[PDB]
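> so I pulled this structure from the PDB, and the sequence comes with it:
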Amino acid sequence: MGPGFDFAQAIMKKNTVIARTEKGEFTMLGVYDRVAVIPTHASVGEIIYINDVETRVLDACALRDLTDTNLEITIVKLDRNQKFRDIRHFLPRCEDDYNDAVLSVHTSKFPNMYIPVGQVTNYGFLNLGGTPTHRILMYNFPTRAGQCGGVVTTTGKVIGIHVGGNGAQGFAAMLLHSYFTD
C-alpha cells in the first residue's frame, strides 16, 4: 500500500523460504550465500525441509550474547544449489528503537501476509517461554501462532525476526550486521 510494504515485499519475494522442522513450518530469512536465520525454538537438526525439499544442514549455530544469554536466533548454512541475494547492507549495526515497522510472513497457513505493527521498542530482557532472552524488540500487535520467523522491516532496514507474543504484544529477536561478518 505504501513504501514500507514495498520494502517488505522486496525482501519477501527474493530472501525468504518456507522452512519445516519437527516443531513446525517457519518463515526463514535468507541473508547471503546459503546462510539463513530461524528462531532457535525451531530446533534445527541435520536435515530440514526448504520449500518442501529435503535439505542437508551444513552448520547451525544458536546465538547467545557474551553474558551466555539466549538470543533466540539460529544461523543455518543450507546445502542448497542456489545463493540468496546478499542483504547484509540492510542490517542495523546497533541496538535501536524504530518507527513504522512491517511484520511479513510466508507459510502454507499464512501466504503473502503483511502486518503494519507500528512503533518498535528496544525492550531488551524477556522471559520467553521460561528462557531468559536478550536483544528483544517489542510491538503492540496481537501476533499469533504461525508468525514465528516472520521478518520485521522498516523502509531500508531488516531489523528482526518474530519469536513470540503474549496475546497483546509481539516480540522479535534483533538482527545485527555483526552476526553475519564472514
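Noted; the coordinates are in hand. Numbering: from 1, shown residues only.
> and the nearest residue to residue 159 once chain neighbours are set aside, how many residues sit next to it?
Excluding its sequence neighbours, the residue lying closest to residue 159 (C-beta to C-beta, 6 or more residues apart in numbering) is residue 152, at 5.2 Å. For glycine as for every other residue, the C-beta is placed from the backbone atoms N, C-alpha and C. Residue 152 sits with 27 neighbouring residues when counted by other C-beta atoms under 10 Å.
> please tell me how far residue 152 sits from residue 92.
Distance, residue 152 to residue 92, using C-beta to C-beta, to the nearest Å: 11 Å.
> mind listing the shared neighbours of these two?
Common contact partners of residue 152 and residue 92 (C-beta atoms under 8 Å, 6 or more residues apart in numbering): residue 159.
> which residues in this structure form strands?
For the chain, the strands defined by DSSP state E cover 16-21, 24-32, 35-39, 47-50, 53-64, 70-78, 98-105, 113-128, 131-139, 151-154, 157-165, 170-174.
> circling back to that earlier point, and the residue nearest to residue 159, what are its bridge partners?
Beta bridges link residue 152 to residue 103, residue 160 when assigned by DSSP bridges.
> I'd like the distance between residue 88 and residue 146.
Counting by C-beta to C-beta, the gap from residue 88 to residue 146 is 28 Å.
> what does residue 44 give?
Going from residue 44 to residue 146 by C-beta to C-beta gives 18 Å.
> how deep is residue 176 tucked in, by neighbour count?
18.
> for it, what are its contacts?
Contact analysis of residue 176 by C-beta under 8 Å, 6+ apart lists 91-95, 135.
> drop anything exposed from these.
Buried members of these, scored by 16 or more other C-beta atoms under 10 Å, are 91-92, 135.
> adding distance to residue 141, write those residues out as TSV.
Listed next are those as TSV, based on distance: C-beta to C-beta, whole Å:
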residue	distance to residue 141
91	22
92	20
135	19
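> and of these, the nearest to residue 68?
residue 135 (13.8 Å; C-beta to C-beta).
> touching, the closest one and residue 124? I think so.
Yes - with contact defined as C-beta atoms under 8 Å, residue 135 counts as touching residue 124 (7.2 Å).
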